[PDB]
Amino acid sequence: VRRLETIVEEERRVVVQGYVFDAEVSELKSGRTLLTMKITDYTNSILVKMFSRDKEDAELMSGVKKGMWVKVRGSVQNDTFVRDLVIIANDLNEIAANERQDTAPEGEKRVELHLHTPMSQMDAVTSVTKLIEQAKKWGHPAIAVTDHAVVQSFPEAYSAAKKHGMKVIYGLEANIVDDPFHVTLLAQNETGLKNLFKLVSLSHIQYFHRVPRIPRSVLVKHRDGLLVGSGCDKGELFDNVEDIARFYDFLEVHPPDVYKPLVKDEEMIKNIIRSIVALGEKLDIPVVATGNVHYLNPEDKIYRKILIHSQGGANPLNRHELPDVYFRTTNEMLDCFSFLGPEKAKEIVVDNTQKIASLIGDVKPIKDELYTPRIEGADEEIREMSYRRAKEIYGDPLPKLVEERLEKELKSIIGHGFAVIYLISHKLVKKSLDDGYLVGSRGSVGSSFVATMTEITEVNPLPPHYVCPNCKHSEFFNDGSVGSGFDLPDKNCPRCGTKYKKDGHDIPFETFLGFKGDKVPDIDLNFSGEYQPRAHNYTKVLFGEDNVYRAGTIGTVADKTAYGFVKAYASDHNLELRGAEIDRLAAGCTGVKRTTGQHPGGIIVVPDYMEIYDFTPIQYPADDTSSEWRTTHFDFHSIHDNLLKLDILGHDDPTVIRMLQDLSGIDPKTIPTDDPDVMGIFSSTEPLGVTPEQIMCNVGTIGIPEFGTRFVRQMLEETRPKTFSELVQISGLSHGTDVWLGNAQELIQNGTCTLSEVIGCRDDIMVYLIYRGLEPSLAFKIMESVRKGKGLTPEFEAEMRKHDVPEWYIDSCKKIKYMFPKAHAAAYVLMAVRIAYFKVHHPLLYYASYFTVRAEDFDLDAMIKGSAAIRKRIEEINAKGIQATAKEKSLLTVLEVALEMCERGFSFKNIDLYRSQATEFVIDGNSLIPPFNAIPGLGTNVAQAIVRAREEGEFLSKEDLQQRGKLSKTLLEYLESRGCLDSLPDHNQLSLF
DNA sequence: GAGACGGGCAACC
DNA sequence: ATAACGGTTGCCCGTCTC
Ligand SMILES: Nc1nc2c(ncn2[C@H]2C[C@H](O)[C@@H](COP(=O)(O)OP(=O)(O)OP(=O)(O)O)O2)c(=O)[nH]1
Ligand SMILES: [Mn+2]
Ligand SMILES: [Mn+2]
Ligand SMILES: [Mn+2]
Ligand SMILES: [Zn+2]
Ligand SMILES: [Zn+2]
């Protein structure tokens with residue numbers, strides 16, 4: 001039985017063990033089956049191939065899973081396609097993991113009181129879930145979580161606590177400074193827990209230095225409910241006569257090995273530990289043997305080594321070799337301390353450890369319920385706001401339809417405590433408008449007609465209908481035969497003669513709030529990127545400075561970065577590693593916290609009768625103390641269920657159509673949604689006056705948000721939507737993995753159902769399951785499950801089958817990885833159509849707005865040279881296929897729209913010293929003049945300076961332009977070489993004040 | 001050696 | 001071409017310029 005680190009050359013026969021961390025199966029022309037595994041015994045790893053000799057072995061091959069352990073007897077060959085050595089197996093036996101066993105008697109088990117999770121930035125490697133699971137297996141009565149400076153593992157510890165029935169002790173390793181050493185804080189109760197949240201807040205905010213820190217006095221202030229340990233070798237007392245110690249409720253001692261970096265020798269460490277023992281008995285302070293766990297098993301160490309090493313001589317913990325700090329069993333802990341005698345062994349390893357755990361109650365770090373804000377007048381105001389607005393559109397009294405929609409909608413919104421955020425949402429939209437920035441609708445609030453009446457969405461969820469903007473008469477359609485009111489043919493009020501307005505997308509209110517109101521949705525708004533910060537700030541004014549917080553995020557090491565760290569470490573250590581082994585080192589690194597950041601837009605609202613510390617600590621994103629916003633210490637996901645969120649988002653659609661409006665004088669709300677020429681671009685280039693050959697594309701949607709992508713263009717080619725609601729079906733099908741490809745697309749092509757019958761929004765799942773007989777709340781639950789890509793449980797399938805829901809439909813639900821709500825699809829489609837109207841009728845406005853707002857990657861020389869030149873760049877990038885760099889892809893998107901622009905008869909002029917603007921593409925006859933910031937290296941600040949300076953006074957020489965415009969040599973050259981500066985002298989022979 | 005700038009990446013909707 | 005979910009904010013860090 002060979003360890004995998006000894007497999008080094010081709011070799012006739014080896015027997016090998018290892019965890020299978022990857023397994024796939026494929027079929028050969030011959031009919032034979034091939035199993036391909038990666039396995040590691042944790043000294044190294046290797047790829048393994050096995051060739052089936054019969055269908056019995058072929059199916060056993062399918063039984064091999066990630067997580068199994070396997071003994072393989074095989075040959076070792078160079079595989080020249082995988083470019084590494086590889087085992088060709090003829091023998092595979094599954095085997096026990098036979099892992100470290102905790103052999104002490106039941107009730108005589110150890111409790112770990114000092115332990116680090118992947119949340120100890122770049123320092124610890126095994127997830128808290130795995131650790132807690134291991135403690136459970138070992139029979140530990142409890143386990144502690146004590147991360148450095150943070151409590152970000154709490155949410156996951158809790159979950160695992162409940163799933164596994166393990167008692168968790170919620171703690172902190174804190175940096176205390178006297179008014180810079182380590183202590184262990186263990187929370188005994190909610191008081192303690194809130195004090196923890198507080199201390200981590202103060203340490204990240206008022207007292208952050210290079211590292212979150214806590215003055216001792218502030219610790220004392222917030223000590224109630226905490227047990228304080230003297231902790232580490234970087235502890236106060238280990239770092240040495242006696243008063244210091246009386247400060248701790250417990251005294252820590254690590255296994256002698258853990259201290260090995262140094263002191264004279266192991267015998268002295270051993271002495272120091274014995275004096276801490278002397279001290280503890282002397283002062284009646286329990287002494288505890290703690291592990292300082294930074295990973296599960298002895299071998300997991302290498303992952304910690306790789307992370308730490310990535311930091312460089314900057315961390316200098318790389319100065320010394322790293323201690324064995326794995327999760328030690330209760331029998332092995334005794335072994336480590338056998339030198340103190342068997343009575344003291346048992347005392348500090350189990351009796352005292354157990355005793356400290358006994359002093360800890362059962363704390364719930366994350367709350368169960370939702371706490372909802374109160375602002376006097378709100379329930380009342382949302383009611384009147386919406387009845388008033390509804391009456392002026394639909395008449396007095398209201399049609400039964402509308403009236404019933406409002407009654408049912410309000411009692412839910414009001415009763416489940418959402419009236420406040422509707423209102424705050426309405427003011428945000430109102431102020432943005434008044435400030436000159438229109439707002440784009442998004443997400444599930446468009447399922448709510450009250451939301452429509454409060455002008456928080458442009459989406460009207462009522463069934464399709466005509467309404468007169470004058471006489472107010474209404475015509476609704478519930479035949480279901482008509483998809484969206486926007487599909488209706490233009491018509492006149494048969495009563496006043498006035499031309500009818502059309503609306504209604506037939507969306508059920510429940511998509512938003514469900515039936516129980518056990519769901520907590522949010523309100524999503526698309527503000528323009530330029531405006532987003534201001535909308536954010538307005539919520540401070542509305543709720544008060546201390547009752548809102550930006551949701552914070554935790555940046556972890558994901559695959560690409562992990563791979564990056566491992567390769568470098570290999571390189572620096574001169575290791576030649578196999579793909580398989582690099583893979584497995586990579587995997588052991590992912591999950592580890594590297595930084596913190598900011599939710600892209602969500603603001604979390606704290607009810608005035610609670611406080612943020614009932615829910616999470618707070619801090620600064622990335623620890624920037626000059627940040628305008630404080631962030632939540634837990635991310636939004638951990639507290640999803642406790643506080644409402646306003647998704648105040650940034651998006652280009654509002655900005656673009658704002659510019660389209662400010663350039664044309666046209667009110668986008670007046671734009672028709674059934675303009676044949678506009679809608680034609682979704683299935684043809686005709687409306688654009690160009691050939692498919694001319695623009696290398698069969699449909700007219702280049703540049704159109706969502707629809708301009710290569711994937712979506714292809715979908716359009718095959719579906720040819722013309723109707724608003726057909727576009728809405730496509731919007732749904734084109735967003736989310738396994739929605740179209742391998743799912744709907746096949747169902748349509750098999751003829752197993754029609755385009756319109758295929759599942760195109762989460763709503764249709766609910767509406768159809770109710771139709772088919774199921775209980776609405778259950779139909780809701782099922783919709784919610786598939787649209788989160790969670791598939792179907794057995795109970796769901798059973799309820800579906802029991803109601804004649806066809807197998808192809810059930811099977812289609814199980815595929816969907818993600819899925820729009822109809823209201824979002826309608827909102828986006830409406831936005832895309834408004835823009836399309838400019839693409840078609842005001843092309844230059846469309847392009848000026850596109851390159852101004854959306855593009856950030858150019859090849860200006862190509863663009864200026866024109867059609868043939870652009871085409872050549874594009875073909876260059878096409879040749880690279882899916883081997884194109886993210887940036888080439890970004891550029892390809894923009895060149896595609898340049899080539900189309902040029903073919904439609906327009907063009908690009910060179911940067912122009914006196915006509916170019918800073919950041920905006922301007923219209924000049926049939927051209928666009930590029931702005932300065934389009935030049936590579938020339939970013940916004942310089943662009944703005946060049947314009948400022950020129951407005952202060954024109955440029956008298958290249959030199960003058962360089963000084964006043966703040967231009968580097970390279971940038972100056974850029975302009976020179978292109979003839980931009982030709983009309984200027986290099987320098988002036990005079991200069992005056 | 002501090003400050004633009006852009007790429008590369010992670011979180012998120 | 002293949003297969004293909006689209007689009008947004010924000011942080012780090014190497015690079016290139018004084
Ligand atoms: N293309 C795409 N769009 C998304 C994705 N996630 C969210 N969005 C868009 C569509 C959603 O309706 C909206 C995201 O809103 P939320 O995350 O608040 O969820 P949504 O509002 O759909 O449901 P909710 O009722 O809030 O639980 O933005 C995604 O993975 N892909
Ligand atoms: Mn420590
Ligand atoms: Mn520690
Ligand atoms: Mn939402
Ligand atoms: Zn540590
Ligand atoms: Zn009328």
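Keep in mind that the numbers below use all heavy atoms, side chains included, and drop hydrogens, waters and symmetry copies. Below, chain A is the first sequence line, B the second, and so on; all start at residue 1.
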Whole angstrom is fine here: how far is it from [atom1] in [X] over to [atom2] in [N]?
X: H637(A); N: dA11(B); atom1: NE2; atom2: P; answer: 13 Å
X: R550(A); N: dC11(C); atom1: CZ; atom2: P; answer: 8 Å
X: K593(A); N: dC9(B); atom1: NZ; atom2: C1'; answer: 18 Å
X: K645(A); N: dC12(B); atom1: NZ; atom2: P; answer: 10 Å
X: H536(A); N: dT8(C); atom1: NE2; atom2: P; answer: 16 Å
X: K966(A); N: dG3(B); atom1: NZ; atom2: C1'; answer: 14 Å
X: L733(A); N: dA3(C); atom1: CG; atom2: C1'; answer: 17 Å
X: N526(A); N: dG6(C); atom1: CG; atom2: P; answer: 17 Å

For [X], which contact category applies under a 4.0 Å heavy-atom criterion: base, sugar-phosphate, or nothing?
X: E856(A); result: nothing
X: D635(A); result: sugar-phosphate
X: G529(A); result: sugar-phosphate
X: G736(A); result: base
X: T596(A); result: sugar-phosphate
X: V942(A); result: sugar-phosphate
X: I554(A); result: sugar-phosphate
X: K969(A); result: sugar-phosphate
X: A879(A); result: base
X: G650(A); result: sugar-phosphate

Are any of [X]'s side-chain N or O atoms less than 4.0 Å away from OP1 or OP2 of [N]?
X: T595(A); N: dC11(C); answer: no
X: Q598(A); N: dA11(B); answer: no
X: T940(A); N: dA4(B); answer: no
X: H651(A); N: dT8(C); answer: yes

Of all the nucleotides listed ([options]), which has the minimum atom distance to the side chain of [X]?
X: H599(A); options: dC12(B), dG6(C), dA10(B); answer: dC12(B)
X: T556(A); options: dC12(C), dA10(B), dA4(C); answer: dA10(B)
X: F711(A); options: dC12(C), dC5(C), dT9(C); answer: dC5(C)
X: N941(A); options: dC5(B), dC5(C), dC18(C); answer: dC5(B)
X: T561(A); options: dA11(B), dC9(B), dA3(C); answer: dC9(B)
X: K887(A); options: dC18(C), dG8(B), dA10(B); answer: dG8(B)

Ring-plane angle category for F707(A) and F682(A), please: parallel below 30°, perpendicular beyond 60°, tilted otherwise.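 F707(A) and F682(A): perpendicular rings.
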Report yes if the side chains of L971(A) and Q962(A) come closer than 4.5 Å at any heavy-atom pair, otherwise no.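 No - every pair of side-chain heavy atoms lies 4.5 Å or more apart.
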Is the shortest heavy-atom distance from the side chain of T701(A) to the side chain of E706(A) under 4.5 Å?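 SC-SC contact between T701(A) and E706(A) ruled out.
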For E628(A), look at atom CD and say whether over 12 heavy atoms of other residues, nucleotides or ligands are found less than 6.0 Å away.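 Open: at most 12 neighbouring heavy atoms sit under 6.0 Å from CD of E628(A).
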For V712(A) and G881(A), take the nucleotide of DNA chain C holding the closest heavy atom to each; which residue's nucleotide lies nearer the 5' end?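 Upstream on the strand: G881(A).
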Residue met sooner reading DNA chain C from 5', once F707(A) and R594(A) are mapped to nucleotides: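 This one resolves to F707(A).
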Scan every strand shown for a Watson-Crick or G-U wobble partner of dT17(C), both distances under 3.5 Å, and answer none if you come up empty.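 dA2(B) is the nucleotide pairing with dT17(C).
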Donor-acceptor under 3.5 Å (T553(A) side chain, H599(A) main chain):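 No: the side chain of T553(A) does not pair with the backbone of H599(A).
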Which residues share a salt bridge (charged side-chain N to carboxylate O under 4.0 Å, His left out) with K814(A), sequence neighbours left out: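 For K814(A) the salt bridge (charged side-chain N to carboxylate O under 4.0 Å, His left out) partners, ignoring immediate neighbours, are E797(A).
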Consider side-chain contact (heavy atoms from CB on, under 4.5 Å). Of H204(A), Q619(A), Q121(A), which one does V150(A) pass it with?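 Of the listed residues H204(A), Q619(A), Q121(A), the side-chain contact (heavy atoms from CB on, under 4.5 Å) partner of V150(A) is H204(A).
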